[PDB]
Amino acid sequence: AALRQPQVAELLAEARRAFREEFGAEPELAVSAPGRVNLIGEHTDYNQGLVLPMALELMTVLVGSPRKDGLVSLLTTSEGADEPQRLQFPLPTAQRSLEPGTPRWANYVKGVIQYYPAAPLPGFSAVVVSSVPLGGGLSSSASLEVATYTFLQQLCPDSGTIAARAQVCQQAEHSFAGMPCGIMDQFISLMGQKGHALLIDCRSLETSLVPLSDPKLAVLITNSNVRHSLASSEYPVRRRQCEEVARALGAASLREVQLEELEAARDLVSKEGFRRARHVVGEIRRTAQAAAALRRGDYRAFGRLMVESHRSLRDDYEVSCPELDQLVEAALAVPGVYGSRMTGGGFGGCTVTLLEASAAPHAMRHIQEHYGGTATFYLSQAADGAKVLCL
């Protein structure tokens, strides 16, 4: 069966009670930011490509109050978070900046604080809760970054765009978590809307809300519950390989490159380099094609495109793994399934499946039975982005 997904009210209540017991007073502020699944458009965001994620009902919630002593005091109740579950530190200054360290979960909060553009930022007390599986492939860290950003805005309103907010959270990921992500994760956490996926053009930063609310249609997320170390170390390698190919062809990015141009300049790049670029160029196309298909309500074409995306990721970009592949192959054997593919960075994490709603229970049974391991399932509607509630 699919794991329960606590409503924001439940996570709010848990966070509020925790805060009350922890700090001896009621919290004054509450925010939430969702994790996400990427329907299609993988390893294209840092290539100034197209991506089509949707926000999940899985989310991170922060409750808290401003302090008058310029200190930051944190507590998380998430099991899976590394010890200690509490941390305190003074606000950064011009002379002293925050630094990444232990516990790692606090690095995301520290990073957002460090690069928060508006001032004066006061200190604060906060409790962090989440229903997003920590490092499970659904951007738990993006949701924490965006939840944190959304909280800091209540303490000290910025005056910029939503893209600038995503880039701040992205810089936190780069500099405090050592993960040089693209913009997708933060952007969808910020900009998600219930009942819609979000087509993001990562070159222009133009975004389009694409309706995705059809009873009869379901999105099944399957967690492999594995994560090879390559997910961390091979990710930056992929970025460098794409940059090298773009540089060899005199292109600002692979978004400017088409398959024909790529093959014509085959002698100018490495064998594997060609494989990487071919995926990227094809995946941008497929995402454009997927967006249109989803518009038409053509789930069969959308599904077929998801499958091409996985095969490309598996064979050209080489960021899949036997676990993900077995999960995909299993799902495609189930009647009523339109398509299935690995989602997110790869080397573990989740797959995403588009299927007839009625097929979801039978999909879960069969996928689990064919998965030589322990799969976890989520059935998720397209959810809202970051929100605020005054307490």
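Note that the rigid core is defined as the largest set of C-alphas that superpose within 1.5 Å between two forms. Residue numbers here begin at 1 and follow the sequence given.
Farther from the shown form on average, by C-alpha root mean square after a core fit in 6 other deposited structures of this protein, is 210-218, of the stretches 120-128 and 210-218. Across the two stretches, 100-108 and 265-273, the PDB entry reports the greater mean Cα temperature factor for 265-273. Mean C-alpha B-factor is higher over 22-30 than over the other stretch, the pair under comparison being 22-30 and 52-60. In this structure the maximum Cα B-factor among 236, 282, 303, 80 is found at 80. Across 140, 189, 289, 93, the entry's maximum B-factor at the CA atom is seen for 93.
In the deposited entry, the Cα temperature factor of residue 135 sits in the middle third of values across the chain's modelled residues. In the deposited entry, the Cα temperature factor of residue 315 sits in the middle third of values across the chain's modelled residues. Residue 343 sits in the lowest third of its chain by CA B factor, as recorded in the PDB entry. When the modelled residues of the chain are ordered by C-alpha B-factor, residue 85 sits in the middle third. Annotation for residue 350: C-alpha temperature factor in the middle third relative to the rest of the modelled chain, per the entry.
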